[PDB]
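We begin with a single chain expressed as structure tokens, specifically the form deposited in one PDB entry.
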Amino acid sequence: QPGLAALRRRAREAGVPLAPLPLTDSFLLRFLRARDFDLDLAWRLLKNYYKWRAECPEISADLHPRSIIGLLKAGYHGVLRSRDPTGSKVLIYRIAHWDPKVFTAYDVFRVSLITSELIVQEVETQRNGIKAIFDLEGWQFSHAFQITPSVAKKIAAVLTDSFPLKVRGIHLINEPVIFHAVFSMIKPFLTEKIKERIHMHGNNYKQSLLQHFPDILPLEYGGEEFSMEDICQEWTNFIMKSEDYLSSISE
């Protein structure tokens, strides 16, 4: 717990908001753990985290799950029960289950923020990071319409230095040709570190995906035990149960 007192001292004297977030030990330790207890880097991440929140009320003010319960019910998102071989939490997102006539890109971004605020409370996740699998099957121009240059920049920011989770891997599967232009909007804002941790698997993804996530994937992606629907429903239930933690850190 080195740097804790120092980190809290800098924050209080920079006039960081006492906000809806008390500078508890557990809160500040998210930032220290994300940056391997490098005080200067944890402080930069902390400042960026508040800056990111202040810039995007739309995504960050209401972490109440009621707005995006529809998206969860549609099967957009679940979190695997087991960790990967190095202890990362593994998140799955399915574009085909995002109706862009119904949910905005900000609503969809809010889903990741909500999940991220919940899983960051796990010390094992703070230490070993996360991997996210994005199944891009069914991506439409109507999805891309909603990814503006501002949205692309905000995506880059949470992947790099604006949220206290280590992104240890991003796996894009079933990526169509028309997606390449969307990614090229995000690319210029990414560090070389993160760029090297993005995997573009294509439409023949199974072998490589199984290599990275042995024995823990849903049936849909070559695993053997549970379905995506099971995992979606379980994460949905957990998020609904979390309504009051999420309310405590809203607005």
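When you see a residue number, it is the position in the sequence shown, counting from 1. What we label the rigid core is the largest C-alpha set whose atoms superpose within 1.5 Å from one form to the other. Shifts are known only where both forms have a C-alpha.
Per the PDB record, of the two stretches 87-95 and 146-154, 146-154 carries the greater mean B-factor over its C-alpha atoms. Looking at 47-55 and 63-71 together, the entry lists the larger mean B-factor for 63-71, computed on C-alpha atoms. When all modelled residues of the chain are sorted by CA temperature factor, residue 193 is found within the highest third. Ranked against the other modelled residues of its chain, the C-alpha B-factor of residue 35 as given in the entry falls in the lowest third. In the deposited entry, the Cα temperature factor of residue 228 places it in the middle third of its chain's modelled residues. When the modelled residues of the chain are ordered by C-alpha B-factor, residue 5 sits in the middle third. Looking at the C-alpha B-factors along this chain, the one for residue 243 belongs to the highest third.
The same protein has a further form, the form deposited in another entry, not shown here; the description that follows concerns it.
After superposition on the rigid core, the single residue among 179, 103, 109, 93 whose C-alpha moves by 2 Å or more between the shown form and the other one is 179. With the core held fixed, the Cα of residue 189 is displaced between the shown form and the other one by 2 Å or more. In comparison with the shown form, the Cα-Cα distance of residue 212 and residue 180 decreases by at least 3 angstroms in the other form. In the other form, the Cα atoms of residue 199 and residue 180 sit 3 Å or more nearer to each other than they do here. In sequence order, 177-190 is the sole run of at least 3 consecutive residues whose Cα positions differ by 2 Å or more between the shown form and the other one once the rigid core is superposed.
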